[PDB]
Amino acid sequence: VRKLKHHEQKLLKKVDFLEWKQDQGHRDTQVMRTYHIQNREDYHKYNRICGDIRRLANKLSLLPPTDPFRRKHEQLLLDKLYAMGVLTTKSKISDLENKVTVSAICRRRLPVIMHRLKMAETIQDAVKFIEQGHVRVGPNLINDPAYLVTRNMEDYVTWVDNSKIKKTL
Amino acid sequence: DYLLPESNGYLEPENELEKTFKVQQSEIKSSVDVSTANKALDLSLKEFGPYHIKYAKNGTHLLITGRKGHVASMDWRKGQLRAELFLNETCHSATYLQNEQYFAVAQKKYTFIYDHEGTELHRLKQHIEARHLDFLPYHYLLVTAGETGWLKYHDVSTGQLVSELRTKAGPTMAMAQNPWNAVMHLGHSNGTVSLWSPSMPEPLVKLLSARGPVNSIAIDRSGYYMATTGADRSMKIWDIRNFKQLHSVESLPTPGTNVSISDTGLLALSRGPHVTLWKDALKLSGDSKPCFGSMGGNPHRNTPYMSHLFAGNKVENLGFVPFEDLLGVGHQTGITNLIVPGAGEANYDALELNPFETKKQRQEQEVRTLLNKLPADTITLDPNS
Amino acid sequence: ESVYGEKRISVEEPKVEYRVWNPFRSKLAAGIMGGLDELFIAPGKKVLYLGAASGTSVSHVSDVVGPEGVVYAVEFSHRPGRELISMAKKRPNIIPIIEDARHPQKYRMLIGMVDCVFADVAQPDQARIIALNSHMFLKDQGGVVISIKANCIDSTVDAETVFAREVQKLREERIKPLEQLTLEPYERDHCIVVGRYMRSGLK
Amino acid sequence: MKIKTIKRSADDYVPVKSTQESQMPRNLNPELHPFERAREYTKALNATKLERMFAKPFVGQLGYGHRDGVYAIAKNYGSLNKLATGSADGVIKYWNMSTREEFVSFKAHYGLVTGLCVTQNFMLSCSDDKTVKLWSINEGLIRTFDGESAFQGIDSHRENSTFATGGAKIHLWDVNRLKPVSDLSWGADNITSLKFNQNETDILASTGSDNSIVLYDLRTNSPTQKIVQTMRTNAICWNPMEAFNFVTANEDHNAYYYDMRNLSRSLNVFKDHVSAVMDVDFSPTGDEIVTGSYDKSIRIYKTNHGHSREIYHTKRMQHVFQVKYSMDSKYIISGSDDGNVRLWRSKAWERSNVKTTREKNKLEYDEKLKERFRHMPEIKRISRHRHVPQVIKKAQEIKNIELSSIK
Amino acid sequence: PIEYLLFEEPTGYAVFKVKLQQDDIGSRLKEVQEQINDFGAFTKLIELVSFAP
RNA sequence: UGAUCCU
């Protein structure tokens with residue numbers, strides 16, 4: 001706050017008001033930056049499940065290796081997390097702790113999906129289009145920008161009919 | 001003693017027939033000087049929830065928190081307003097921690113630490129409930145008592161948790177920090193206020209303050225007398241220096257929502273549709289026992305010094321401006337500053353707090369205080385031990 | 001009008017007459033035309049020249065200190081000194097001294113607190129003839145621009161030994177040399193030396 | 001119904017001119033000021049940690065010094081600016097404390113010099129080859145005083161413009177004289193050092209190489225007392241303030257400070273050092289004694305305490321042979337076996353800057369606070385402390401081991 | 001020891017009184033060297049006595 | 001104040 005002195009610095013050794021270790025580097029915000037989520041708690045709504053993936057992924061790694069329940073339940077985990085598309089691959093088991101990020105589940109968000117498909121120019125313009133009521137996922141026009149869309153639902157996002165932005169393209 | 005340049009305002013009856021408490025605030029606003037009469041604000045912001053109030057320790061910035069979404073930091077004396085945040089989570093309290101640049105709000109789940117402009121600085125992973133969010137700048141310690149049994153101390157200088165103390169008392173129904181001692185006072189449903197230091201995992205001393213739950217508690221500037229109210233329509237006048245309730249005001253018409261203490265010795269009791277302040281009620285005699293009605297006008301029996309009744313409200317909390325003679329009462333639609341004659345002190349010490357402070361004076365004083373912070377083990381039952 | 005026959009240009013704005021920089025006439029101008037990092041002549045501050053015979057160089061110093069800065073020329077000789085007198089009868093920055101700078105306290109009231117000094121003299125006691133100026137007139141952390149003529153100071157010894165000897169003579173006097181230059185194709189076997197009068201924090 | 005409020009009046013607290021500084025109304029009511037112990041404690045801890053951060057004793061040396069080793073330093077007792085240094089080669093070098101450079105130097109003695117002393121500037125250089133030479137400061141060798149003893153010492157005397165020599169026998173010379181006036185001996189042995197006190201200047205303290213301390217009286221031409229000590233003694237210093245007590249340095253790592261009325265009980269003992277303490281020098285205040293060891297280290301401590309509040313050491317100095325205190329109580333000159341005479345602070349945080357009265361009153365307040373917050377332990381760990389060298393830390397460990405075996 | 005001094009000007013002279021002397025030991029020292037750049041530090045030396053134009 | 005590491 002002050003560009004404080006050489007004599008001030010050594011006395012205020014451990015203090016900070018901007019980057020804290022309980023504030024965990026403001027890492028969440030950098031994901032709230034890159035994916036433009038409205039509320040903060042959407043991050044911790046993913047990150048409260050994201051450890052819950054690992055909390056099952058860890059203790060299923062603690063079973064004996066050719067336990068015939070263990071390889072079956074892990075396949076049931078991985079086909080589920082591959083249907084929702086939150087990991088790129090499913091062949092390895094190691095993505096269940098390495099690829100399960102908040103950004104990976106957060107790049108399965110709806111404006112990320114439209115932002116990939118280049119219906120929109122930027123990310124936030126797709127959020128503005130969902131807010132304007134221009135988009136639909138198969139049957140239903142969705143109002144919410146924070147839609148978790150699976151891999152198999154990804155073909156169902158179109159523009160909504162009779163709009164002013166579907167005639168724009 | 002004669003260097004003291006400014007003297008308190010008074011309120012005098014001038015007759016036995018004329019009465020002190022019967023003055024009303026529009027009637028007060030006639031004779032008070034124009035800036036001081038205009039320092040009474042009427043912020044009716046009826047759209048959001050009931051409003052929580054806190055002035056900073058210098059009166060320079062007001063912070064308010066409506067129950068629904070409002071977070072508002074005005075540079076209160078001038079027209080400037082720093083922060084106006086609409087978080088759709090519900091909030092309970094707020095305080096500036098060091099200066100008006102940094103404050104903290106008590107939400108549904110997590111405490112937030114915030115810039116003057118309204119930006120997000122620090123969401124606390126801990127503080128998972130936050131009912132009372134109070135500060136002591138002499139340790140730079142944000143002490144927070146939620147609905148949990150615990151009590152959390154965050155040292156926002158370093159930005160780290162100091163300690164977390166489970167009371168086994170349940171939901172915190174009141175908390176007032178001691179200015180003179182930095183011992184925290186927590187009030188719970190048994191009628192029990194516990195004194196607290198971050199080191200000692202058992203409380204410093206528990207006090208069976210009243211029956212029923214603790215409505216609120218409020219402490220002197222001198223730390224001598226702390227006025228506690230239960231929900232049993234009762235208010236005790238605790239003398240902390242020897243741990244005695246001096247007077248037990250029993251059978252209020254309604255239990256006071258809050259209590260507040262001015263500098264010069266005023267006591268504020270807010271039953272919620274009514275706000276009533278007594279002068280010199282904290283003294284030793286039961287003649288100084290604060291009482292609602294003295295029959296026959298006896299000087300021994302003590303009448304209230306200043307009265308007010310809110311019509312369409314049940315007010316939330318209240319706090320004096322520490323250097324001026326008003327008190328912000330947060331009602332359901334907003335904020336009134338009710339003008340007292342002699343509540344605040346007339347002669348502040350600038351080297352303790354600056355009510356008239358340049359921003360460059362502010363960044364000098366902030367670094368001055370951060371150099372003079374105490375580490376948390378120095379919170380003790382006596383300052384001088 | 002030219003001051004010694006150099007060709008000056010002129011531009012127009014909603015007339016500026018810029019005097020061109022002959023590097024052969026002035027070892028300071030050759031020091032600029034050789035390339036420098038950090039030049040102690042400034043568009044506002046006060047500056048002292050030692051060895052300003054006439055305006056072969058010192059008029060350009062009066063230009064580069066401009067309508068703000070002032071140039072204190074130091075010389076002795078009568079006939080180029082008179083040229084400097086009535087050549088200072090047009091520019092207000094210039095003031096020359098006719099005193100021998102072996103005792104710069106003989107003109108000590110005539111300047112107070114100069115910031116930058118330049119050396120152009122041919123004397124063999126060049127470090128001493130600058131050190132008697134910079135110990136009394138120079139601002140703390142104000143720099144010295146030496147112009148060393150090696151054949152005129154000590155000509156019996158080798159080429160670099162003159163400069164390496166005078167730099168240690170300066171380092172004895174809290175004059176740490178920032179950087180060195182020789183300016184060979186403009187003038188053969190010369191030098192200019194940029195340092196700052198340190199006086200506090202020499203190591 | 002008298003209605004009266006507080007009015008800040010918006011002009012008293014915020015001044016009219018923009019160039020005017022703020023008005024600062026203070027109320028020293030203790031209710032406004034909550035922490036008179038703890039906040040002052042944190043200010044004191046900040047000051048102590050800052051004085052550990054302001055621990056920069058070194059200034060620089062004098063010139064490039066001797067190549068062979070400083071063995072004796074003379075200080076002109078009027079001249080705060082100038083000083084003299086004698087080498088065991090024989091080169092005398094004179095310095096000015098402003099310039100820190102050689103004012104004048106001379107090939108005095110082809111033998112060693114053992115002492116330099118100053119009395120009418122005028123310097124006097126005592127030899128190993130039976131010669132003292134008189135030099136003047138702006139040229140050289142006014143007169144040489146030849147004595148029968150190899151000169152184990154010298155000391156100056158201000159009154160009657162006198163100087164005695166220390167040797168096998170001490171014999172008092174004058175300026176005009178080439179032969180001495182009177183020669184004294186309590187015991188028939190070589191004398192290591194001599195010192196006249198400065199006030200009531202006629203008294204002398206004479207160490208004795210066979211473990212002796214004699215107090216010589218010029219007024220009687222006879223010693224007046226002698227205590228035969230345990231071990232031999234290196235050097236001496238009379239305090240300029242008290243003028244009737246003196247500290248001497250002993251062959252064991254201990255300096256003893258004695259009283260002219262009572263030598264049978266010392267005034268004090270000091271043993272922070274780990275080797276034979278060479279030289280002692282006393283403050284013009286009379287506050288602190290600074291003493292340099294045969295060990296590569298000097299130490300400053302006050303008279304009443306008895307333990308080293310300050311210790312001085314670095315890489316390139318060893319076996320220092322000599323330490324000479326200020327005239328102005330501010331800087332100690334430090335001779336070397338390594339030949340180079342370094343300029344060192346009396347206190348490494350005390351600075352030469354004449355101070356602005358904001359910070360000067362603050363600094364006086366802070367050190368007043370440092371004393372009333374002294375003996376608290378967390379203050380004590382920063383207040384004692386600074387780096388000590390490896391062998392000397394081991395040597396103090398060795399001394400504590402041996403004294404623990406003794407008791 | 002330096003109590004008085006003479007500063008010399010084109011408009012007459014200047015007689016100064018030196019109230020607090022800097023130490024002539026630390027005269028190469030950075031502390032008094034930085035102090036001569038601070039008028040807040042320079043003022044503690046000198047009192048203005050005379051200006052005889 | 002202190003205590004680690006590599007030839």
# chains A, B, ... in the order shown; residues from 1 in each chain; ligands from 1

call {"tool": "interface_residues", "arguments": {"of": "chain C", "to": "chain E", "cutoff": "8 Å", "atoms": "only C-alpha atoms", "output": "PyMOL selection string"}}
result
chain C and resi 108-110+140+199-201

call {"tool": "write_last_selection", "arguments": {"atoms": "N, CA, C and O atoms", "output": "PDB file, in the first residue's frame"}}
result
ATOM      1  N   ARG C 108      35.369  32.537  -5.608  1.00  0.00           N
ATOM      2  CA  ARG C 108      34.421  31.663  -4.923  1.00  0.00           C
ATOM      3  C   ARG C 108      33.056  32.301  -4.681  1.00  0.00           C
ATOM      4  O   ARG C 108      32.073  31.572  -4.533  1.00  0.00           O
ATOM      5  N   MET C 109      32.965  33.629  -4.618  1.00  0.00           N
ATOM      6  CA  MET C 109      31.667  34.280  -4.502  1.00  0.00           C
ATOM      7  C   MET C 109      30.968  34.401  -5.843  1.00  0.00           C
ATOM      8  O   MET C 109      29.748  34.601  -5.878  1.00  0.00           O
ATOM      9  N   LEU C 110      31.720  34.296  -6.943  1.00  0.00           N
ATOM     10  CA  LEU C 110      31.192  34.534  -8.276  1.00  0.00           C
ATOM     11  C   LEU C 110      30.378  33.376  -8.822  1.00  0.00           C
ATOM     12  O   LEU C 110      29.704  33.545  -9.841  1.00  0.00           O
ATOM     13  N   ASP C 140      26.816  17.459  -4.533  1.00  0.00           N
ATOM     14  CA  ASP C 140      26.989  16.043  -4.268  1.00  0.00           C
ATOM     15  C   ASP C 140      26.224  15.238  -5.309  1.00  0.00           C
ATOM     16  O   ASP C 140      25.093  15.570  -5.673  1.00  0.00           O
ATOM     17  N   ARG C 199      31.601  11.038  -3.215  1.00  0.00           N
ATOM     18  CA  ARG C 199      31.797  11.546  -1.847  1.00  0.00           C
ATOM     19  C   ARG C 199      31.084  10.745  -0.749  1.00  0.00           C
ATOM     20  O   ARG C 199      31.341  10.955   0.444  1.00  0.00           O
ATOM     21  N   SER C 200      30.222   9.801  -1.126  1.00  0.00           N
ATOM     22  CA  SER C 200      29.417   9.064  -0.160  1.00  0.00           C
ATOM     23  C   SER C 200      29.036   7.750  -0.837  1.00  0.00           C
ATOM     24  O   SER C 200      28.172   7.736  -1.717  1.00  0.00           O
ATOM     25  N   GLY C 201      29.686   6.668  -0.431  1.00  0.00           N
ATOM     26  CA  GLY C 201      29.488   5.395  -1.090  1.00  0.00           C
ATOM     27  C   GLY C 201      30.434   5.209  -2.256  1.00  0.00           C
ATOM     28  O   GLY C 201      30.001   4.991  -3.392  1.00  0.00           O
TER      29      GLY C 201
END

call {"tool": "residues_around", "arguments": {"residues": "residue A:59", "least_positions_apart": "3", "cutoff": "12 Å", "atoms": "only C-alpha atoms (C1' of nucleotides)", "output": "MDAnalysis selection string"}}
result
chainID A and resid 52:56 62:65 70 73:74 96:97

call {"tool": "write_last_selection", "arguments": {"atoms": "N, CA and C atoms", "output": "PDB file, in the first residue's frame"}}
result
ATOM      1  N   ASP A  52     -14.637 -34.454  -4.081  1.00  0.00           N
ATOM      2  CA  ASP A  52     -15.476 -35.629  -3.912  1.00  0.00           C
ATOM      3  C   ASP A  52     -15.266 -36.653  -5.016  1.00  0.00           C
ATOM      4  N   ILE A  53     -14.872 -36.216  -6.210  1.00  0.00           N
ATOM      5  CA  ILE A  53     -14.342 -37.151  -7.195  1.00  0.00           C
ATOM      6  C   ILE A  53     -13.081 -37.812  -6.658  1.00  0.00           C
ATOM      7  N   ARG A  54     -12.085 -36.991  -6.295  1.00  0.00           N
ATOM      8  CA  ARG A  54     -10.805 -37.496  -5.811  1.00  0.00           C
ATOM      9  C   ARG A  54     -10.957 -38.284  -4.522  1.00  0.00           C
ATOM     10  N   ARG A  55     -11.875 -37.865  -3.644  1.00  0.00           N
ATOM     11  CA  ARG A  55     -12.134 -38.594  -2.404  1.00  0.00           C
ATOM     12  C   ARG A  55     -12.703 -39.984  -2.659  1.00  0.00           C
ATOM     13  N   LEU A  56     -13.361 -40.197  -3.801  1.00  0.00           N
ATOM     14  CA  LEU A  56     -13.651 -41.568  -4.195  1.00  0.00           C
ATOM     15  C   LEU A  56     -12.528 -42.144  -5.041  1.00  0.00           C
ATOM     16  N   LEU A  62      -6.939 -47.366  -3.080  1.00  0.00           N
ATOM     17  CA  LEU A  62      -6.434 -48.043  -1.891  1.00  0.00           C
ATOM     18  C   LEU A  62      -6.902 -49.482  -1.779  1.00  0.00           C
ATOM     19  N   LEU A  63      -7.796 -49.910  -2.639  1.00  0.00           N
ATOM     20  CA  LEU A  63      -8.200 -51.300  -2.664  1.00  0.00           C
ATOM     21  C   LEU A  63      -7.087 -52.158  -3.273  1.00  0.00           C
ATOM     22  N   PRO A  64      -7.100 -53.475  -2.998  1.00  0.00           N
ATOM     23  CA  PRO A  64      -6.186 -54.374  -3.718  1.00  0.00           C
ATOM     24  C   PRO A  64      -6.385 -54.297  -5.178  1.00  0.00           C
ATOM     25  N   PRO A  65      -5.333 -54.488  -6.004  1.00  0.00           N
ATOM     26  CA  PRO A  65      -5.357 -54.045  -7.399  1.00  0.00           C
ATOM     27  C   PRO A  65      -6.331 -54.800  -8.281  1.00  0.00           C
ATOM     28  N   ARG A  70     -13.193 -53.261  -7.731  1.00  0.00           N
ATOM     29  CA  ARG A  70     -12.450 -52.015  -7.875  1.00  0.00           C
ATOM     30  C   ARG A  70     -12.333 -51.590  -9.334  1.00  0.00           C
ATOM     31  N   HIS A  73     -16.063 -50.583 -10.580  1.00  0.00           N
ATOM     32  CA  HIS A  73     -16.558 -49.309 -10.078  1.00  0.00           C
ATOM     33  C   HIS A  73     -15.783 -48.127 -10.624  1.00  0.00           C
ATOM     34  N   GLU A  74     -14.489 -48.307 -10.860  1.00  0.00           N
ATOM     35  CA  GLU A  74     -13.708 -47.258 -11.489  1.00  0.00           C
ATOM     36  C   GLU A  74     -14.129 -47.047 -12.932  1.00  0.00           C
ATOM     37  N   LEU A  96      -8.516 -38.947 -13.127  1.00  0.00           N
ATOM     38  CA  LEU A  96      -9.467 -38.769 -12.033  1.00  0.00           C
ATOM     39  C   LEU A  96      -8.918 -37.926 -10.894  1.00  0.00           C
ATOM     40  N   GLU A  97      -7.605 -37.763 -10.807  1.00  0.00           N
ATOM     41  CA  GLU A  97      -7.009 -36.839  -9.862  1.00  0.00           C
ATOM     42  C   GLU A  97      -6.223 -35.729 -10.534  1.00  0.00           C
TER      43      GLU A  97
END

call {"tool": "select_by_dssp", "arguments": {"residues": "stretch 9-145 of chain C", "states": "alpha helix (DSSP H)", "output": "PyMOL selection string"}}
result
chain C and resi 27-34+58-65+78-87+126-134

call {"tool": "closest_atom_pairs", "arguments": {"of": "chain D", "to": "chain F", "cutoff": "12 Å", "atoms": "only C-alpha atoms (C1' of nucleotides)", "output": "Markdown table"}}
result
| residue | atom | partner | partner_atom | distance |
| --- | --- | --- | --- | --- |
| D:49 | CA | F:1 | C1' | 11.5 |
| D:52 | CA | F:1 | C1' | 10.5 |
| D:378 | CA | F:1 | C1' | 11.3 |
| D:379 | CA | F:1 | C1' | 11.8 |
| D:380 | CA | F:1 | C1' | 10.3 |
| D:381 | CA | F:1 | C1' | 6.7 |
| D:382 | CA | F:1 | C1' | 7.1 |
| D:383 | CA | F:1 | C1' | 9.6 |
| D:384 | CA | F:1 | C1' | 8.4 |
| D:385 | CA | F:1 | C1' | 5.5 |
| D:386 | CA | F:1 | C1' | 6.6 |
| D:387 | CA | F:1 | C1' | 7.6 |
| D:388 | CA | F:1 | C1' | 9.8 |
| D:390 | CA | F:2 | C1' | 12.0 |
| D:393 | CA | F:2 | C1' | 11.6 |

call {"tool": "select_by_dssp", "arguments": {"residues": "chain E", "states": "strand (DSSP E or B)", "output": "PyMOL selection string"}}
result
chain E and resi 4-8+13-18+46-50

call {"tool": "write_last_selection", "arguments": {"atoms": "N, CA, C and O atoms", "output": "PDB file, in the first residue's frame"}}
result
ATOM      1  N   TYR E   4      31.562  30.550  13.643  1.00  0.00           N
ATOM      2  CA  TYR E   4      31.162  31.548  12.665  1.00  0.00           C
ATOM      3  C   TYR E   4      31.688  31.176  11.284  1.00  0.00           C
ATOM      4  O   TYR E   4      32.607  30.366  11.146  1.00  0.00           O
ATOM      5  N   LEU E   5      31.083  31.761  10.252  1.00  0.00           N
ATOM      6  CA  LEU E   5      31.638  31.667   8.908  1.00  0.00           C
ATOM      7  C   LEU E   5      31.210  32.858   8.073  1.00  0.00           C
ATOM      8  O   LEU E   5      30.290  33.606   8.420  1.00  0.00           O
ATOM      9  N   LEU E   6      31.875  32.988   6.928  1.00  0.00           N
ATOM     10  CA  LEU E   6      31.607  34.046   5.965  1.00  0.00           C
ATOM     11  C   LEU E   6      31.207  33.411   4.647  1.00  0.00           C
ATOM     12  O   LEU E   6      32.023  32.741   4.007  1.00  0.00           O
ATOM     13  N   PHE E   7      29.958  33.624   4.240  1.00  0.00           N
ATOM     14  CA  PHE E   7      29.528  33.312   2.886  1.00  0.00           C
ATOM     15  C   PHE E   7      29.569  34.599   2.083  1.00  0.00           C
ATOM     16  O   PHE E   7      29.221  35.664   2.596  1.00  0.00           O
ATOM     17  N   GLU E   8      30.050  34.517   0.857  1.00  0.00           N
ATOM     18  CA  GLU E   8      30.303  35.716   0.084  1.00  0.00           C
ATOM     19  C   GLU E   8      29.432  35.753  -1.166  1.00  0.00           C
ATOM     20  O   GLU E   8      29.238  34.744  -1.844  1.00  0.00           O
ATOM     21  N   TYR E  13      28.129  40.688   1.606  1.00  0.00           N
ATOM     22  CA  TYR E  13      28.589  39.462   2.231  1.00  0.00           C
ATOM     23  C   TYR E  13      27.473  38.800   3.015  1.00  0.00           C
ATOM     24  O   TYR E  13      26.298  39.151   2.905  1.00  0.00           O
ATOM     25  N   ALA E  14      27.870  37.814   3.812  1.00  0.00           N
ATOM     26  CA  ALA E  14      26.982  37.102   4.705  1.00  0.00           C
ATOM     27  C   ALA E  14      27.790  36.566   5.867  1.00  0.00           C
ATOM     28  O   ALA E  14      28.776  35.853   5.672  1.00  0.00           O
ATOM     29  N   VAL E  15      27.341  36.884   7.074  1.00  0.00           N
ATOM     30  CA  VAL E  15      27.947  36.389   8.299  1.00  0.00           C
ATOM     31  C   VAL E  15      26.988  35.382   8.892  1.00  0.00           C
ATOM     32  O   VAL E  15      25.822  35.710   9.150  1.00  0.00           O
ATOM     33  N   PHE E  16      27.475  34.165   9.099  1.00  0.00           N
ATOM     34  CA  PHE E  16      26.685  33.065   9.616  1.00  0.00           C
ATOM     35  C   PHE E  16      27.235  32.604  10.953  1.00  0.00           C
ATOM     36  O   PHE E  16      28.444  32.635  11.196  1.00  0.00           O
ATOM     37  N   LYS E  17      26.334  32.141  11.806  1.00  0.00           N
ATOM     38  CA  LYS E  17      26.696  31.509  13.065  1.00  0.00           C
ATOM     39  C   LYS E  17      26.374  30.029  12.976  1.00  0.00           C
ATOM     40  O   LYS E  17      25.257  29.656  12.607  1.00  0.00           O
ATOM     41  N   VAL E  18      27.350  29.194  13.301  1.00  0.00           N
ATOM     42  CA  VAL E  18      27.166  27.749  13.297  1.00  0.00           C
ATOM     43  C   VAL E  18      26.776  27.338  14.711  1.00  0.00           C
ATOM     44  O   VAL E  18      27.581  27.433  15.637  1.00  0.00           O
ATOM     45  N   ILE E  46      23.180  26.188  11.047  1.00  0.00           N
ATOM     46  CA  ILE E  46      23.462  27.590  10.766  1.00  0.00           C
ATOM     47  C   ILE E  46      22.335  28.456  11.316  1.00  0.00           C
ATOM     48  O   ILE E  46      21.165  28.061  11.274  1.00  0.00           O
ATOM     49  N   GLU E  47      22.692  29.619  11.857  1.00  0.00           N
ATOM     50  CA  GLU E  47      21.766  30.720  12.056  1.00  0.00           C
ATOM     51  C   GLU E  47      22.250  31.915  11.252  1.00  0.00           C
ATOM     52  O   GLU E  47      23.437  32.250  11.281  1.00  0.00           O
ATOM     53  N   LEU E  48      21.334  32.550  10.525  1.00  0.00           N
ATOM     54  CA  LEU E  48      21.673  33.749   9.776  1.00  0.00           C
ATOM     55  C   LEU E  48      21.870  34.922  10.718  1.00  0.00           C
ATOM     56  O   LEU E  48      21.015  35.219  11.551  1.00  0.00           O
ATOM     57  N   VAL E  49      23.014  35.584  10.590  1.00  0.00           N
ATOM     58  CA  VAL E  49      23.335  36.737  11.410  1.00  0.00           C
ATOM     59  C   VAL E  49      23.325  38.021  10.596  1.00  0.00           C
ATOM     60  O   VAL E  49      22.605  38.961  10.935  1.00  0.00           O
ATOM     61  N   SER E  50      24.107  38.092   9.528  1.00  0.00           N
ATOM     62  CA  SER E  50      24.272  39.384   8.886  1.00  0.00           C
ATOM     63  C   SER E  50      24.321  39.256   7.377  1.00  0.00           C
ATOM     64  O   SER E  50      24.843  38.292   6.817  1.00  0.00           O
TER      65      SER E  50
END

call {"tool": "residues_around", "arguments": {"residues": "residue B:3", "least_positions_apart": "6", "cutoff": "9 Å", "atoms": "only C-alpha atoms (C1' of nucleotides)", "output": "PyMOL selection string"}}
result
chain D and resi 25-27

call {"tool": "write_last_selection", "arguments": {"atoms": "N, CA, C and O atoms", "output": "PDB file, in the first residue's frame"}}
result
ATOM      1  N   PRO D  25      -5.351  18.318  18.022  1.00  0.00           N
ATOM      2  CA  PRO D  25      -5.834  18.383  19.404  1.00  0.00           C
ATOM      3  C   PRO D  25      -5.670  17.050  20.107  1.00  0.00           C
ATOM      4  O   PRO D  25      -6.040  15.992  19.595  1.00  0.00           O
ATOM      5  N   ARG D  26      -5.086  17.106  21.294  1.00  0.00           N
ATOM      6  CA  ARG D  26      -4.784  15.904  22.050  1.00  0.00           C
ATOM      7  C   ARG D  26      -5.517  15.889  23.378  1.00  0.00           C
ATOM      8  O   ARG D  26      -5.610  16.909  24.064  1.00  0.00           O
ATOM      9  N   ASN D  27      -6.027  14.721  23.736  1.00  0.00           N
ATOM     10  CA  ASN D  27      -6.592  14.472  25.050  1.00  0.00           C
ATOM     11  C   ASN D  27      -5.853  13.285  25.640  1.00  0.00           C
ATOM     12  O   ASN D  27      -6.066  12.147  25.215  1.00  0.00           O
TER      13      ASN D  27
END

call {"tool": "atom_distance", "arguments": {"atom1": "atom CA of residue D:255", "atom2": "atom CA of residue D:243"}}
result
18.5 Å

call {"tool": "atom_distance", "arguments": {"atom1": "atom CA of residue D:328", "atom2": "atom CA of residue E:23"}}
result
8.9 Å

call {"tool": "atom_distance", "arguments": {"atom1": "atom CA of residue E:43", "atom2": "atom CA of residue D:330"}}
result
22.2 Å

call {"tool": "residues_around", "arguments": {"residues": "stretch 202-209 of chain D", "least_positions_apart": "2", "cutoff": "6 Å", "atoms": "only C-alpha atoms (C1' of nucleotides)", "output": "number ranges by chain"}}
result
D: 191-197, 200, 211-218, 232-233

call {"tool": "write_last_selection", "arguments": {"atoms": "C-alpha atoms", "output": "short mmCIF file (atom, residue, chain, number, x, y, z; two decimals), in the first residue's frame"}}
result
data_model
loop_
_atom_site.label_atom_id
_atom_site.label_comp_id
_atom_site.auth_asym_id
_atom_site.auth_seq_id
_atom_site.Cartn_x
_atom_site.Cartn_y
_atom_site.Cartn_z
CA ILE D 191 57.88 -2.28 33.74
CA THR D 192 55.46 -3.04 30.93
CA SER D 193 53.37 0.14 30.77
CA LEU D 194 52.94 3.57 32.34
CA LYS D 195 50.12 6.07 32.57
CA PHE D 196 49.75 9.47 34.15
CA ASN D 197 46.19 10.34 35.04
CA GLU D 200 45.49 15.68 39.42
CA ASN D 211 52.48 -9.62 38.05
CA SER D 212 52.54 -6.18 39.66
CA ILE D 213 50.56 -2.97 39.95
CA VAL D 214 52.29 0.05 41.50
CA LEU D 215 50.87 3.51 42.03
CA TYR D 216 53.60 6.08 41.49
CA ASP D 217 53.49 9.53 43.05
CA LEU D 218 55.48 12.21 41.23
CA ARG D 232 51.16 -9.79 34.55
CA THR D 233 49.44 -6.71 33.16
#

call {"tool": "residues_around", "arguments": {"residues": "stretch 103-107 of chain D", "least_positions_apart": "6", "cutoff": "12 Å", "atoms": "only C-alpha atoms (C1' of nucleotides)", "output": "PyMOL selection string"}}
result
chain D and resi 62-63+65-66+81-97+113+121-125+127+133-141

call {"tool": "residues_around", "arguments": {"residues": "residue B:6", "least_positions_apart": "6", "cutoff": "9 Å", "atoms": "only C-alpha atoms (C1' of nucleotides)", "output": "list in words"}}
result
residues 345, 346, 347 and 348 of chain B; 6, 7 and 8 of chain D

call {"tool": "write_last_selection", "arguments": {"atoms": "C-alpha atoms", "output": "CSV table (one decimal), in the first residue's frame"}}
result
chain,number,residue,atom,x,y,z
B,345,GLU,CA,-16.4,13.2,23.5
B,346,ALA,CA,-15.8,16.8,22.4
B,347,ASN,CA,-12.0,16.7,22.5
B,348,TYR,CA,-10.6,13.7,20.6
D,6,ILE,CA,-20.8,19.5,20.2
D,7,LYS,CA,-19.5,21.7,17.3
D,8,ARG,CA,-16.2,21.0,15.6

call {"tool": "interface_residues", "arguments": {"of": "chain A", "to": "chain B", "cutoff": "12 Å", "atoms": "only C-alpha atoms", "output": "PyMOL selection string"}}
result
chain A and resi 1-5+7-29+38-41+44
